[PDB]
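Going down the list, the protein sequences come from chains A and A'. A prime marks a further copy of an entry chain. Mapping to PDB author numbering: the first sequence position 253 is 253, numbers consecutive. Mapping to PDB author numbering: the second sequence position 2 is 2, numbers consecutive. Ideal Cβ positions, reconstructed from N, Cα and C, are used throughout, including at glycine. One structure is given here, and the rest of the page talks about it.
Protein chains: 2
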Amino acid sequence: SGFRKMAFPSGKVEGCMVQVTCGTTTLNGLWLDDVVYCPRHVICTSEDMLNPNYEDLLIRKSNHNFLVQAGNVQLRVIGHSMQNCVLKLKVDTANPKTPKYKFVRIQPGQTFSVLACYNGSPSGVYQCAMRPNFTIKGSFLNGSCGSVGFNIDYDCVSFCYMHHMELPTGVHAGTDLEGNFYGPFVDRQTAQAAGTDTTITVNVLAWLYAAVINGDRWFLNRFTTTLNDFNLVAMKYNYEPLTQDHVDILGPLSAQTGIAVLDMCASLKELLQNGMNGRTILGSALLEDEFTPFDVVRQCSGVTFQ
Amino acid sequence: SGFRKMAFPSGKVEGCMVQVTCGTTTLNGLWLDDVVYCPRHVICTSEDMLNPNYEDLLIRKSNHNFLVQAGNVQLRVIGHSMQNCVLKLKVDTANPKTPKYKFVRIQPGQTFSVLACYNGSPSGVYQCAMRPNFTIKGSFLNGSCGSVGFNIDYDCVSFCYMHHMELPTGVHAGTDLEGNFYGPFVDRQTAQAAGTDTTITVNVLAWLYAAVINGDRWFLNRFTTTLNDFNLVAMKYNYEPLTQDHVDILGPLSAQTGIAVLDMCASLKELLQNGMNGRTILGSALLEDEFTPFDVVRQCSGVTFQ
Ligand SMILES: *[C@H](O)[C@H](C[C@@H]1CCNC1=O)NC(=O)[C@H](Cc1ccccc1)NC(=O)[C@@H](NC(=O)OCc1ccccc1)[C@@H](C)OC(C)(C)C
Ligand SMILES: *[C@H](O)[C@H](C[C@@H]1CCNC1=O)NC(=O)[C@H](Cc1ccccc1)NC(=O)[C@@H](NC(=O)OCc1ccccc1)[C@@H](C)OC(C)(C)C
């Protein structure tokens, strides 16, 4: 037993991280088959970033201006192209460590593991969630751009995130691996509004089922509620509206535990209206929303990969 | 910026995980050079575990009774031996994926990454701390025994923990890689007292420096205190006594931030006497103690490995 914020094993992704240098800028790239993917702002100077014309800036660059280093190994760049906000550098060597992979665009409220990297070398791994406002709350220093987020299905790595920027707040923004930003953000250094975030209600309920499964329980009340009634409480507290689809998704956890979803919402309702009284749940004094229902099923099922 | 509970990249350890089967019992082993390490209770039946005589039970076993499977690959066992609470199975093939490694016995309050595994296959990775009472608070289901904890120094993996058991509480106990339990625990299924845990004061202070570095600050007060005065407050609140050694260890963080350690203790004192008023620090409503001072320096330094 026990319940932890758990990241996927990162070995399959470590084998794909490379270093990309263009002039003065060095960041991380993702090497799959004979293509290296990286943020297109690798071609910007410190001045270019306030208002870059990426097409015009890219035209000044040739294949030999992109230095791609894999460990100490040295890739020859033989073509380059921009796709949305990512550059694709064609190299003359296919990555022998390429895992079975896919590119996916995840939905807000979903989770994924981040392999934070500097100079092409992995530094650490952590889990998080795509916020309803399409930011993530990560740990990214200077040089971390091009670090990727991902999920693993047994053998197959689904890449879903590439890091591009930090906002004047400490939250982070980036793209899918086709280069389309999550959310309204653009890759220039100008003020950018994330907008109101909300709490992922279906994830909080899944965590409450995780808590019940691990013996923590004081919160299980006595009450029940309705979907429309609970949703009134959700809006007062900036929670995402709970749908029937969310109820169906929680159907494995409701049946393993024997607790109806709307009963659990009545518990959550009282949590939101009364606080925690200085108690804790699964070792937290806050309501946790970065575990999906599938994260919980996985966690207490022992699903492995590789 | 940002600050996250971050695990080491696990690729070097993934390459060492194997499956060990003895009769009915299957668990994980750690394959380094031509030796596989695993918990010795792999030789126990469900009945043996209430009161095992490990020497007598081991005598009934021969090399061919240990089935070691590496992925699908098949290792020949050519010797076996007990060292404290671990078995060492000599195999006829050295692991080609063996990293530079060391076996270390960590101190309470230190941290390490756990690669949780089932049937020899990695499932997830998370960070934690050796509690002052020599337990860990992990996520371990049936079959997870033999999963290992570790730290990485650039190239070198320092293995420090192997999982053996859960206690009737949801906390976890295990050994170093020489088979000596952390804490007073034994490998039999009988009631076992963990004893009072305490909070790792030097780790909480490091986290408060992490918070200050990341803009979170409302807690920085006005007061100062003395080492003896603060230590009076530590005991009332089950905190480990702060030593001068702890003060010296916090010397990088005090100088980066410009805040004297005893000033930070005065802040922590007021936190302990007044609560959080429903505020949060680095996204937590509790005082976090599973980051070491070096975890913080690393985290906001961008140190990489491999
Ligand atoms: C790449 O390695 C690096 C990682 C970030 C640095 C620290 N944490 C990170 O995640 N990213 C950057 O430096 C990018 C570079 C860039 C982006 C777009 C075009 C050209 C170059 N920039 C940022 O992360 C800035 N974020 C940003 O521009 O947000 C919009 C903005 C900027 C300025 C004022 C208002 C709004 C970061 C470094 O700047 C802030 C947001 C102040 C942290
Ligand atoms: C190995 O894969 C497995 C992992 C644990 C199962 C669930 N979470 C885990 O971490 N471990 C075990 O099953 C070991 C097996 C064993 C241990 C010693 C000798 C022989 C076999 N046992 C345990 O984890 C038990 N813990 C335990 O015995 O603690 C002492 C005790 C036992 C009974 C009553 C009082 C005290 C677990 C499974 O049992 C409890 C503690 C009730 C959770």
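**Request:** Answer yes or no: the CB of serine 144 of chain A versus the heavy atoms of ligand 1, is any distance below 8 Å?
**Result:** Flag set: Cβ of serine 144 of chain A near ligand 1.
**Request:** Could you name the residues of chain A that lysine 90 of chain A' contacts, counting a contact when the two beta carbons are closer than 7 Å?
**Result:** Those do not exist, as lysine 90 of chain A' stays about 25 Å from chain A at its closest Cβ, beyond 7 Å.
**Message:** Between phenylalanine 8 of chain A and chain A', is any beta-carbon pair separated by less than 9 Å?
**Reply:** At least one chain A' Cβ lies under 9 Å of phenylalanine 8 of chain A.
**Asked** What separation, rounded to the nearest whole angstrom, lies between the Cα atoms of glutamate 166 of chain A and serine 158 of chain A?
**Response** Counting only the Cα atoms, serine 158 of chain A lies some 23 Å from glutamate 166 of chain A.
**Request:** Have a look at the DSSP bridge pairing and note the partners of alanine 206 of chain A'.
**Result:** Under DSSP, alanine 206 of chain A' shares a beta bridge with no residue.
**Request:** Return helix, strand or coil for residue 374 of chain A', following the three-state DSSP convention.
**Result:** Since the displayed chain A' opens at 1 and closes at 306, residue 374 of chain A' lies outside it and no answer follows.
**Asked** Using the rule of at least 16 other Cβ atoms within 10 Å of the residue's Cβ for burial, across every protein chain shown, is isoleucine 59 of chain A' buried or exposed?
**Response** The residue is exposed, with fewer than 16 neighbouring Cβ atoms inside 10 Å.
**Message:** Tell me the residue span of the alpha helix (DSSP H) that contains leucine 50 of chain A.
**Reply:** Counting along the chain, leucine 50 of chain A falls outside any alpha helix (DSSP H), and DSSP gives it neither H nor E.
**Prompt:** At a Cβ cut of 9 Å, what residues of the region 280-299 of chain A' count as close to chain A, listed as they run along the chain?
**Reply:** Listed in sequence order: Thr280, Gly283, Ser284, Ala285, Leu286, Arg298 and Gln299.
**Contacts around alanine 116 of chain A, its chain only, beta-carbon distance under 7 Å, and the 5 residues preceding and following it disregarded** = Here the set comprises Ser123, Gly124, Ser139, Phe140, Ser144 and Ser147.
**Request:** Rounded to whole angstroms, what's the CA-CA distance from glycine 109 of chain A' to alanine 94 of chain A? Just pull it up for me.
**Result:** Cα to Cα, the separation comes out at about 44 Å.
**Reference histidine 163 of chain A', options A'/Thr135, A'/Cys156 and A'/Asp153, closest by Cα** = Here the closest residue by C-alpha is A'/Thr135.
**Item:** Span of the alpha helix (DSSP H), counted from its first residue to its last, around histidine 172 of chain A'
**Value:** For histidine 172 of chain A', no alpha helix (DSSP H) encloses it; the enclosing beta strand (DSSP E) starts and ends at 172-175.
**Prompt:** Out of A/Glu178, A/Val303, A/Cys300 and A/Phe8, which has the shortest C-alpha to C-alpha gap to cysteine 85 of chain A?
**Reply:** Measuring C-alpha to C-alpha distances from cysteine 85 of chain A to each of A/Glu178, A/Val303, A/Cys300 and A/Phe8 identifies A/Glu178 as the nearest.
**Request:** Compare the Cα-Cα distances from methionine 130 of chain A' to each of A'/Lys102, A'/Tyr161, A'/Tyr154 and A'/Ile152 and report the closest residue.
**Result:** Nearest C-alpha to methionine 130 of chain A' among A'/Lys102, A'/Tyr161, A'/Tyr154 and A'/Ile152: A'/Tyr161.
**Request:** Could you check the C-alpha separation between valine 171 of chain A' and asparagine 151 of chain A' for me, to the nearest Å?
**Result:** Distance between the alpha carbons of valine 171 of chain A' and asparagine 151 of chain A': 21 Å.
**Item:** First through last residue of the beta strand (DSSP E) which encompasses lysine 102 of chain A
**Value:** Per DSSP, the unbroken beta strand (DSSP E) holding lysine 102 of chain A starts and ends at 101-103.
**3-residue-minimum beta strand (DSSP E) runs that sit fully inside the region 202-258 of chain A', ordered along the chain** = The region 202-258 of chain A' contains no whole beta strand (DSSP E) run of 3 or more residues.
**Message:** Suppose the cutoff is 8 Å on Cβ atoms and the five residues either side in sequence are ignored; what does the same chain contact list for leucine 50 of chain A look like?
**Reply:** Only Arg188, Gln189 and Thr190 meet the Cβ criterion.
**Asked** Is the beta carbon of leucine 253 of chain A sitting closer than 9 Å to the one on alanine 210 of chain A?
**Response** Their beta carbons are under 9 Å apart, which means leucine 253 of chain A touches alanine 210 of chain A by this criterion.
**Request:** Identify the contact partners of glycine 302 of chain A in chain A', using a Cβ-Cβ distance below 7 Å as the criterion.
**Result:** The contacting residues are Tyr118, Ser123, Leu141 and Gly143.
**Prompt:** By the 10 Å Cβ neighbour count, where 16 or more other Cβ atoms means buried, how is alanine 7 of chain A classified, buried or exposed?
**Reply:** Buried: at least 16 other Cβ atoms inside 10 Å.
**Asked** Using a C-beta to C-beta distance shorter than 9 Å, which residues of chain A count as neighbours of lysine 137 of chain A'?
**Response** Chain A residues near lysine 137 of chain A': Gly2, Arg4 and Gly283.
**Prompt:** To the nearest whole angstrom, what separates the beta carbons of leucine 282 of chain A and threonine 280 of chain A', a pair I think is in contact under 8 Å?
**Reply:** By a beta-carbon distance limit of 8 Å, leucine 282 of chain A does not contact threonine 280 of chain A'. Their separation comes to about 17 Å.
**Item:** Presumed contact (8 Å Cβ cut-off) between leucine 67 of chain A' and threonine 21 of chain A', rounded CB distance
**Value:** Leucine 67 of chain A' to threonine 21 of chain A', Cβ: 4 Å. Contact.
**Prompt:** What is the DSSP secondary structure of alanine 193 of chain A', counted as helix, strand or coil?
**Reply:** Reduced to three states, the DSSP call for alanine 193 of chain A' is coil.
**Request:** Could you tell me which residues DSSP puts in a beta bridge with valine 91 of chain A'?
**Result:** Note: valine 91 of chain A' is bridge-paired with A'/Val77 in the DSSP secondary-structure output.
**Request:** Go through its chain and collect everything with a Cβ distance to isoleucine 249 of chain A''s Cβ below 7 Å, but skip five positions before and after it.
**Result:** Close CB contacts of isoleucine 249 of chain A' within its chain, under the 7 Å cut and outside five residues either way in sequence, are with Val202 and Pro293 (chain order).
**Message:** Can you determine whether any heavy atom of ligand 1 sits closer than 8 Å to the C-beta of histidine 163 of chain A', and answer yes or no?
**Reply:** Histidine 163 of chain A': no, Cβ never under 8 Å from ligand 1.
**Prompt:** Nearest-angstrom Cα distance between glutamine 299 of chain A and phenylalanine 3 of chain A?
**Reply:** Their Cα atoms are separated by approximately 7 Å.
**Message:** ligand 2 and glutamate 166 of chain A: does the residue's C-beta get closer than 8 Å to at least one heavy atom of that ligand?
**Reply:** Because no heavy atom of ligand 2 lies under 8 Å away, the Cβ of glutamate 166 of chain A does not count as near it: no.
**Request:** Taking a Cβ distance cut-off of 7 Å, strictly less, list which residues of the region 204-224 of chain A are near chain A', in chain order.
**Result:** Flagged, chain order: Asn214 and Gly215.
**Request:** Kindly indicate if chain A' contains any beta-carbon less than 9 Å away from that of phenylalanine 305 of chain A.
**Result:** So, interface residue.
**Asked** Taking 8 Å as the cut-off, is the CB of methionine 82 of chain A' close to at least one heavy atom of ligand 2?
**Response** It does not: the Cβ of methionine 82 of chain A' is nowhere closer than 8 Å to a heavy atom of ligand 2.
**Prompt:** So, using beta-carbon positions, are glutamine 256 of chain A' and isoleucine 200 of chain A' closer together than 9 Å?
**Reply:** At least 9 Å separates the beta-carbon of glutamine 256 of chain A' from that of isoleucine 200 of chain A'.
**Item:** Segment contact flag, the region 261-274 of chain A with the region 220-227 of chain A, C-beta cutoff 8 Å, min 3 pairs
**Value:** Taking a cut-off of 8 Å on C-beta distances, the region 261-274 of chain A touches the region 220-227 of chain A, as three or more cross pairs fall below it.
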